[PDB]
Amino acid sequence: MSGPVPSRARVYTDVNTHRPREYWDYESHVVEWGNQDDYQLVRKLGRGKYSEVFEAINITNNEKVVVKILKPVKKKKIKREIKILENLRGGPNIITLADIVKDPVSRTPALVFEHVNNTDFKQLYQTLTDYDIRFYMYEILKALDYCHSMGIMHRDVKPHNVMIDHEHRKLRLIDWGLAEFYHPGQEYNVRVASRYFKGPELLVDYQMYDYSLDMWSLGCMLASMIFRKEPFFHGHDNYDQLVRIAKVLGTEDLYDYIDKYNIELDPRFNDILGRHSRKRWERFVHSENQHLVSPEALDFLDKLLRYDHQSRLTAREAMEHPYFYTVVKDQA
Ligand SMILES: O=c1oc2c(O)c(O)cc3c(=O)oc4c(O)c(O)cc1c4c23
């Protein structure tokens with residue numbers, strides 16, 4: 001009946017605003033295509049959605065690389081990823097776009113990324129130590145703070161998008177194919193991110209979201225890691241996703257969130273959330289995960305997983321949490 005209350009990023013609100021138009025205007029951006037023959041496809045890695053990736057080698061200098069060929073997708077979408085990748089290139093822990101080559105495989109070309117010898121995310125989880133997790137979480141935070149400071153929301157933060165070469169302690173945040181430029185007052189598509197990592201704002205159709213979305217997804221990751229339940233919030237659909245969350249954060253804070261921003265609750269919700277108390281994080285601590293848990297980790301996770309997007313810690317203040325006190329601190 002009314003309408004929802006507007007919202008804006010609590011930090012880096014207008015980093016794109018006064019930057020040259022070329023920076024964020026990706027649909028008019030045109031690319032100087034690299035050469036397809038410079039790379040030799042060696043093996044097909046994994047199995048990608050609307051895109052297939054391969055292990056490969058640059059013929060001109062035998063450097064190992066990963067070629068990502070794009071499938072039947074709209075131009076402006078390819079441009080968006082390319083433009084975002086080029087802009088963030090050089091930033092801490094951001095995957096480096098080594099090249100973009102033209103190839104008539106389906107009206108779509110290919111993206112060349114630096115090679116990351118990452119351990120199968122599924123087996124790696126099970127071998128990390130308390131320090132490894134604090135270290136890696138810190139590295140991801142560096143990537144988010146930098147990208148957010150460069151005006152980009154990743155929108156698909158999850159274990160599958162964090163390549164980790166554990167032997168080299170090298171970490172890269174990948175798949176910027178859903179990333180978007182933040183503009184205050186803008187209403188974005190709530191599709192983005194994987195179900196299990198979607199912030200409440202996406203689940204209740206709140207379109208004026210921001211960088212803080214990535215912080216919720218990061219929280220879901222953290223939770224799955226320290227508690228060893230991957231994923232932590234496992235819902236069946238958007239509606240069930242929020243229910244899984246409420247069974248932990250409670251329903252009261254959820255109801256307070258929707259009222260604060262005057263959110264139109266869909267018929268499918270009024271009776272599905274029910275009534276749940278706020279559960280304590282210590283409840284999920286058992287003999288299989290206690291070594292990756294600590295009071296600061298719990299306090300940290302608690303400041304990340306908040307219904308209200310504006311209340312969640314920003315990447316930078318997350319890096320200032322005691323949870324990361326032990327982590328290196330050499331700043332270089
Ligand atoms: O930069 C990437 O490196 C990768 C890999 O090294 C890999 O082994 C598998 C993948 C993969 O499955 O999907 C990807 C994406 O959708 C994407 O946008 C970027 C990358 C990968 C990727």
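Hydrogens, waters and symmetry mates are skipped; everything else that's a heavy atom, side chains included, is used. All ligand and atom numbering here is 1-based and tracks the order in the structure. Numbering of residues begins at 1 and proceeds along the displayed sequence.
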Worksheet item: Around atom CD of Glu264, are there more than 12 heavy atoms of other residues, nucleotides or ligands at under 6.0 Å?
Response: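 At most 12 heavy atoms, drawn from other residues, nucleotides or ligands, come within 6.0 Å of this atom.
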Worksheet entry | Stepwise side-chain hydrogen bond (donor to acceptor under 3.5 Å, both in side chains) check, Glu63 with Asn58 | CA-CA 5 Å; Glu63 216 65 88; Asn58 179 163; over 6 Å; no
Item to complete: Keeping to residues at least two apart or across chains, list the ring-ring contact (aromatic ring centres under 6.0 Å, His included) pairs with something in residues 34-68.
Response: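 Non-adjacent pairs meeting ring-ring contact (aromatic ring centres under 6.0 Å, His included): zero.
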Worksheet item: Do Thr129 and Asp132 meet the criterion of a side-chain donor-acceptor pair at a distance under 3.5 Å?
Response: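 Yes, a side-chain donor-acceptor pair sits under 3.5 Å.
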Just distance, no hydrogens or angles: give the donor-acceptor pairs under 3.5 Å from side chains in residues 235-243, sequence neighbours left out.
residue : atom : partner : partner atom : Å
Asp237  : OD1  : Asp240  : N            : 2.8
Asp240  : OD2  : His236  : N            : 2.9
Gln241  : OE1  : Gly235  : N            : 2.9
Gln241  : NE2  : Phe233  : O            : 3.1

Close N/O pairs between ligand 1 and protein, under 3.5 Å:
residue  : atom   : partner : partner atom : Å
ligand 1 : 16 (O) : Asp175  : OD2          : 3.3
ligand 1 : 18 (O) : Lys68   : NZ           : 2.5
ligand 1 : 18 (O) : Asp175  : OD1          : 3.1

Taking distance alone, no hydrogens or angles, what donor-acceptor pairs closer than 3.5 Å link side-chain atoms of residues 140-156 to residues at least two apart or in another chain?
residue : atom : partner : partner atom : Å
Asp145  : OD1  : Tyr12   : OH           : 2.5
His148  : ND1  : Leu144  : O            : 3.3
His148  : ND1  : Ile152  : O            : 3.2
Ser149  : OG   : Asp145  : O            : 3.4
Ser149  : OG   : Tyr146  : O            : 2.7
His154  : ND1  : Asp156  : N            : 3.0
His154  : ND1  : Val157  : N            : 3.4
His154  : NE2  : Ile174  : O            : 2.8
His154  : NE2  : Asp175  : O            : 3.2
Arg155  : NH1  : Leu178  : O            : 2.6
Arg155  : NH2  : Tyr209  : OH           : 3.2
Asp156  : OD1  : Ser194  : N            : 3.3
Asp156  : OD2  : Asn161  : ND2          : 3.2

